[PDB]
Structures are given as structure tokens and as C-alpha cells.
């Protein structure tokens, strides 16, 4: 009995306009009618706006590393007109052993060197030369990846979204998917002003992907959102930290990285929580500050910014890009974990190809990706 617009027909409905939905929609948009439906008033209010903005190849499971490695080409060399400035800026990563665990440090070095030939094993003195506020007594060695980079996430995200629009796709904010139903051979999504129909439902809803499956009556994946907080603080007078690498402890207990003229810190946490608009917890912030003040000579007065976001995982830690078993037309773009920005070019390209029943592009295959390792089917026997 309330008015709705006449239904809108498309080829692919993408639920969520974060990095996942934007990247998938970008690669779909040249091929068919894309409509991206986003709940919030802006597309990057949730995890995509909350990351450390870093590109780290030796990070996550083997699949993650392959997706990250395969994304670099696009980030370094995107198509003419995608963006106005470079997407990456140089930011090596230094993983420091604060634990005195030389067996683990050597494992991570060998693992990383196999992927990144330029990876180096540092002694404690070398680590302390690179970040001179380190407490030498607390440092037992490090790895150093000269190939790490910071990502201009807003430029990347907006570039994907703009590409959709330039291909006559629609990016609709304030369009929460409220109901999802298979109707007359298509998925039909009800938003508050009208409905949308397409043969393909692309579920790119971040921490809410299982909620979207719930609307649709599709078996969920078991996605677990995990809170990570971060904060920005001023360096002490006299500390020119602008060119420091990203500094991470070997057991991922904290990290520290320059952000412009400030410092980004984090306790690098992964506290399991439900999907929601997550806020930083005081204990998270206090813990990250404590660990930084223990590992270094820095003193942290009071943060300029604090926030938290959700890093969402399935049980094996790998991302998901594939059609749901026994749910025609329902395509998962999920479980981005701690890696959704740095994997987005490969994930966007792979997911769009698979949605369109195309083989994965060679360059992706050559990084050792295939359909099966991306599929949600692997989570079950």
C-alpha cells in the first residue's frame, strides 16, 4: 500500500559499494548494466574507509599473497583516465622480532623471500638504524621488504566507482537492500523507494555478507567480523619520522607507520564481534600505545584520531569469489579479511570474469589463482 518506483532491470546487482563491490562493479561495468546498492550515504563509511592503507605482499595465506601480488600491476599502471595521481607510494615494511623467536623470524624471512626476492634479514642493529626510536634491548632482528607500499585508498576506491559510472552503471547510496527474493527468474532486491532486478546478485556487503545471504535464503559462509582499532598521534618534537617504514611486530601485536607528518599506531587486534558500525575500544587504544611506548622511546600524548573497523574472515583465512552452490545467480565477493584493499584489483577482475562465466585472465592464472581456490565450495566437504 506504499508507493514504490517501477522496478529497475539490470544484469548485475552489487550489494555494497566498498572496495569489494566497487572493484567487482568496475570490471563488470563494461559488459552489462551494473547497479550498486549501498546502505550508507557514502560508499567508504565501513571497512574500506578504516584501513591502514598498506600494500604488504608477505601477509596472509598463500591465496591472499597470490591475489595481492597479482593486483600490483593495476595499482602501479592503471588504465588512462582511472585516476589523477599515483595509487601507490613507497613504504617498505619492517617486521621486528620483539619476542626473541629466531626460528619464527627465519621462517617468515624464508617464506617472504620466496615471494619477494628483495626481502632481507636484518640484525637488531640494522633494525634500529632504520627506526632509531627502537629500544635496542627489545629488538632481536627483523625482516625488511623494500617493495611495500602505501595505497591512496580514496583515489583507488573513487576510481573504481567513477569507472562504473562512466560505463553507464549506477552507484546508489542510501539504498540498503531490505529484502531479497528470487522472482520470475531474477534476483529482486527491495530498497526503501523501489526494487531492482537482475539475473545476478553480487554479495559484496563486507561484514554483512552473511546477513545478505540471510535475506535471500542462501546458506551463509560462517563469516566472522573482527575488530581492529587504530589511532593517529603526533611525533615528539625533533623526531623526523616521515620516511620510516611500516613497523610491525613479528607476532602482530602492534604496528606503527608514518601517515603524512603524523604516526599511525595500532594494537593490530582481531576481536570477534557482530557486524555493526564499530567503534574503537579504550582498551584497544591503550594497549597499542603501551606497546609502542615499551618498544620505542616515543611518548604518546593524545591521539588526534581514533577509529576501528571490521576485518571479516571465513574459517580458512582465504577470500571468497564464486557462485553459491545450489543458489543460481548468487555470487559471493566476501571474506576480504585484512587484505581487501591490496587484493582489490585481482579480486575485482577475477570475480567479474567468474560472474560472466569467463575463464580467469592469464595474468591472474600466472600468479597461481584458479576458480576452485576462490570458490565458497571449498569451505565444505
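Numbering follows the first chain given and starts at 1.
Taking the PDB entry as given, 357 to 365 carries the higher mean Cα B factor of the two stretches 8 to 16 and 357 to 365. The stretch with the higher mean CA B factor, choosing between 53 to 61 and 347 to 355, is 53 to 61. Residue-level inspection of the entry shows that, of 169, 81, 206, 90, 81 has the top Cα B-factor. Of the candidates 179, 145, 103, 152, the deposited coordinates give 103 the top C-alpha B factor. Ranked within its chain, residue 120 lands in the middle third, by CA B factor from the PDB record. Residue 312 sits in the lowest third of its chain by CA B factor, as recorded in the PDB entry. In the deposited entry, the Cα temperature factor of residue 47 places it in the lowest third of its chain's modelled residues. In the deposited entry, the Cα temperature factor of residue 321 places it in the middle third of its chain's modelled residues. Compared with the other modelled residues of the chain, the Cα B-factor recorded for residue 254 ranks in the lowest third.
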